[PDB]
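Chain by chain, the residues:
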Amino acid sequence: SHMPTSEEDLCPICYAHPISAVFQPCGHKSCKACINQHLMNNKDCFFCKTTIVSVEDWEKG
Ligand SMILES: [Zn+2]
Ligand SMILES: [Zn+2]
């Protein structure tokens, strides 16, 4: 499936889990499980493939 309208802030890469991590200084966001698994392959910012300098925990409240 490819749906822009999600039930919550659900990570579009995964659907099952929401966003919890921001990829600075770009600001693109996804689930923590994304980047941790991605560091076994690359260090790029997924949706634009920019170099992630810092992976911080994006608080939603
Ligand atoms: Zn980006
Ligand atoms: Zn994800």
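Residues numbered from 1 in each chain as written, not as in the entry; some residues may be left out. Chains lettered and ligands numbered in written order. Heavy atoms only, no water.

Structure determination for this entry, per the PDB record, employed solution NMR.

Caption draft 1: Summary view of the coordination of the zinc ion (ligand 1). Here the zinc ion (ligand 1) is held by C26 (SG), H28 (ND1), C45 (SG) and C48 (SG), and the distances to it run 2.1 to 2.3 Å. Here the zinc ion (ligand 1) binds four donor atoms, and the angle range of 107 to 112° at the metal identifies the geometry as tetrahedral. Of note, the zinc ion (ligand 1) draws all its donor residues from one chain, in the sequence arrangement C-x1-H-x16-C-x2-C. Taken together, the positions of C26 in the loop between strand 1 (21-24) and strand 2 (28-30) and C48 in the loop between helix 1 (32-38) and strand 3 (54-57) put the pair 22 residues apart, joining distant regions of the chain. (Donors = N, O, S within 2.8 Å, 3.2 Å for Na, K, Ca; no water. Tetrahedral: all angles 85-135°; square planar, octahedral: opposite > 155°, others 65-115°. Helix = DSSP H or I, 4+ residues; strand = E, 2+ residues; numbered from the N terminus.)

Caption draft 2: Inspection of the coordination of the zinc ion (ligand 2) at higher detail. For the zinc ion (ligand 2), the protein coordination sphere consists of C11 (SG), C14 (SG), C31 (SG) and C34 (SG), at 2.3 to 2.4 Å. Seen from the zinc ion (ligand 2), its four donor atoms lie at angles of 108 to 111°, and the figure they make is tetrahedral. Between the donor residues of the zinc ion (ligand 2), the gaps in sequence give the motif C-x2-C-x16-C-x2-C. Pair noted here: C14 is in the segment before strand 1 and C34 is in helix 1, with a separation of 20 residues, a long-range link.

Caption draft 3: Seen up close, unusual backbone geometry. In this model, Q24 is joined to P25 through a cis peptide bond whose omega is -5°. By the secondary structure assignment, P25 is in the loop between strand 1 and strand 2. Although it is not a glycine, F46 sits at a positive phi angle of roughly 55°. With respect to the helices and strands, the residue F46 is situated in the loop between helix 1 and strand 3. The phi angle at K49 is positive, at roughly 65°, despite the residue not being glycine. Summarising the element assignment, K49 is placed in the loop between helix 1 and strand 3. Residue classification places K49 among the exposed residues on the basis of a relative accessible area of 62%. (Buried < 20%, exposed > 50% of the residue type's maximum accessible area, 1.4 Å probe, protein only.)

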